[PDB]
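Here the structure comes first, spelled out in structure tokens, and everything after it is commentary.
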Amino acid sequence: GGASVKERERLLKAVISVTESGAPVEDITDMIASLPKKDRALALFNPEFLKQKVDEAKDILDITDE
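Numbering (UniProt numbering), first residue to last: 566 to 631.
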């Protein structure tokens with residue numbers, strides 16, 4: 566129902582590994598950490614699911630940047 570501070574930093578590392586350098590990993594994490602609990606746990610456990618939400622977040626962050 567919102568990620569703990571411990572859970573949030575697990576998502577941060579997880580996001581960093583499937584992103585390059587210079588990617589907005591703090592903002593991508595904020596977006597994923599907002600998701601329901603079953604989807605957060607899925608993003609720490611399935612590296613391919615994580616890559617799908619990291620990418621579709623980083624795209625919404627592009628659409629919003631203009």
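All residues carry an ideal CB built from backbone N, CA and C; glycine is no exception.
Annotated as distal: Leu607 and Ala579, with beta-carbon spacing of 8 Å or more.
For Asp627, the enclosing alpha helix (DSSP H) starts and ends at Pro612 to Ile628. Judged by DSSP secondary structure, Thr584 falls outside any alpha helix (DSSP H); it is assigned neither H nor E.
In the same chain as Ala622, and ignoring 5 residues on each side of it, the C-beta atoms closer than 6 Å to its own belong to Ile593 and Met596, in chain order. Counting C-beta atoms within 10 angstroms of its own C-beta, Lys618 has 16 or more neighbours from the protein chains shown and is therefore classed as buried.
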